[PDB]
Amino acid sequence: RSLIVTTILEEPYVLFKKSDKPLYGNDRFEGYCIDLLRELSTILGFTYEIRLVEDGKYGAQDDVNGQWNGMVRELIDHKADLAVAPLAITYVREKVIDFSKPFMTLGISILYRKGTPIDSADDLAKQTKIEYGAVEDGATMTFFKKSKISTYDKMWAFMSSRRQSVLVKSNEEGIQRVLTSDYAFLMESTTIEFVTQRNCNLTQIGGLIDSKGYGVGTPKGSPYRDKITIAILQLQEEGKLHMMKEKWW
Amino acid sequence: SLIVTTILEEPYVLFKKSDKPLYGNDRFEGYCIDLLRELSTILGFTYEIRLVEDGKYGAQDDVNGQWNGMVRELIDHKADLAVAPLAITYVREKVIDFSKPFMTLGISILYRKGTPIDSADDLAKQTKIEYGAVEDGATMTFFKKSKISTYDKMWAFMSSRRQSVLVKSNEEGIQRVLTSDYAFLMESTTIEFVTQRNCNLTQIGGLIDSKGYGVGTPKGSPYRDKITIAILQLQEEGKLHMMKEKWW
Ligand SMILES: C=C(C)[C@H]1CN[C@H](C(=O)O)[C@H]1CC(=O)O
Ligand SMILES: C=C(C)[C@H]1CN[C@H](C(=O)O)[C@H]1CC(=O)O
Ligand SMILES: [Cl-]
């Protein structure tokens, strides 16, 4: 049978393919993660059906009820066989689902304007005039929520106190805020690179604040996890992942 | 108590400098030693460090398919963990398990400063400047296996000149760069260590590929996923970055 693959719209990883005529099935989608999935299927010999996660979320756990949502929740409940998306491999997620080895490596950094005196997270933390934030309940926000590093703890105190005003619901919302207010956006370096290639007034500020990878998610114990790892390593060694990144970035 | 196989390689694993001979685990320090200590704390195991007898990381014989090095120790259940700058590669992942990466890196080029050489392509299209890699390591194996024209050409060069351009260690490669017209294909994390210590040397071009180092375990080992979770904990609390800063 075909594997059910859960994913989510996020440029340039997953988007709706443009066509003058209606599109159906997997043909509706394109992007880096779609090429990846195609290449994985070519190596491993499975067929698949792409489905957008209904709740539009990656996967985080609620504090009170301990319930998961998003693509992670779909894998937990065995409603999908794989999740293929820019899904960060994190400690809390690894506790509840399995991940392939990374197909991309990245870190949190800062998206802001060029030509300013701001050069690091510490510069942001020490002031309040320039607002800053992150996608609510994502891996980036979770990093700040849990950090014991003085600088990042202060940034979390700032963001948490202004939740409604500085946390956003998507990368697109955060980017639009950098573009239309005095705002710096804490976001993943791979997506920053995409943005800065297309917006000459924007830049990454400072280096990477942490390090993580994106991996393909599976339900805990899935036999596909290790198979997908091996295929990913093959794709990397063949230069195919690099070609795919060049194509979409 | 777990048996941990490793290998000397600066600054991952070193013999501690000492007036008197040291014994057992006391003999060793380095990034990978700190990593092992941190893992042991999180997971609650004791361990004995043993240097791999054959001094190899792990490659497969092209005729008989047998493995050597730390990979062989794991396959043979002579060790529980391998903790070293052991690249997570397609061929190795097929026979042993690896944790998720504690360090990410890629192949690049170590050469002298001030030349017009700017990329692998520049090396491949000539022969006056010799180049090579550590024999049978993950770098050499990338070239051996690559279908990319430039890298296949470089493999043809290095292959045909095995005796003279392939080396036994990073140290031998670095000395070649310093004493002759030679460029050394080597891992970018080691290049970084080297170029911080020698201002006449530089990385040429960017990364040619991307890989990680991971802790190795025998296939099927229950420790693999526990070590992965520990590594993720160490990364998220900033410890892996501090460890790299400390040793580089
Ligand atoms: C696109 C966003 C919502 C996702 C993508 N990776 C992160 C994740 O896996 O949670 C989130 C971004 C972030 O937290 O900066
Ligand atoms: C120090 C060397 C021999 C090891 C380290 N990592 C690679 C490996 O895991 O094979 C080798 C280096 C290289 O191949 O450039
Ligand atoms: Cl894994």
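A, B, ... follow the sequence lines: proteins, then strands. Residue 1 opens every chain. In listed order, ligands and their atoms are each counted from 1.
Among all heavy-atom pairs drawn from B:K211 and B:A87, the shortest one is CD-CB, 3.8 Å.
Side chain to side chain, A:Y214 and A:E188 meet the donor-acceptor criterion of an N or O pair below 3.5 Å. A side-chain donor from one of B:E9 and B:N170 sits under 3.5 Å from a side-chain acceptor of the other. Residues B:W247 and B:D34 bring a donor and an acceptor atom of their side chains to less than 3.5 Å of each other.
Close approach of ligand 2 to B:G137 is summarised as follows: ligand atoms under 4.0 Å from at least one heavy atom of the residue are 10 (O), 14 (O). Close approach to A:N171 involves these atoms of ligand 1, each under 4.0 Å from a residue heavy atom: 1 (C). Heavy-atom contacts of B:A87 reach the following atoms of ligand 2: 9 (O) (cutoff under 4.0 Å). Atoms of ligand 2 lying under 4.0 Å from any heavy atom of B:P85, numbered from 1 in the order shown and given with element: 5 (C), 6 (N), 9 (O).
In terms of N/O distances under 3.5 Å, ligand 2 is not approached by B:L86. An N or O contact shorter than 3.5 Å is missing between B:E9 and ligand 2 by distance. In terms of polar-atom proximity, A:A139 is counted as a contact of ligand 1, with an N or O under 3.5 Å from an N or O of the ligand.
Contact analysis puts A:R93 in contact with ligand 1, with a non-hydrogen atom separation below 4.0 angstrom.
For atom 7 (C) of ligand 1, the closest non-hydrogen atom of the protein is A:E188 OE2, 3.2 Å. Distance from atom 15 (O) of ligand 1 to its nearest protein heavy atom, with residue and atom name: A:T140 OG1, 2.6 Å. Closest to atom 2 (C) of ligand 1, if we only count protein heavy atoms, is A:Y58 CE1, 3.7 Å.
The cationic atom of A:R162 (NZ for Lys, CZ for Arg) lies less than 6.0 Å from the six-membered ring centre of A:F158 and within 45° of the ring axis.
B:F142 and B:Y151 have their aromatic ring centers within a separation under 6.0 angstrom. If you look at A:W249 and A:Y13, their ring centroids are closer than 6.0 Å.
A:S100 places no side-chain N or O within 3.5 Å of a backbone atom of A:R225 that could act as its donor or acceptor partner.
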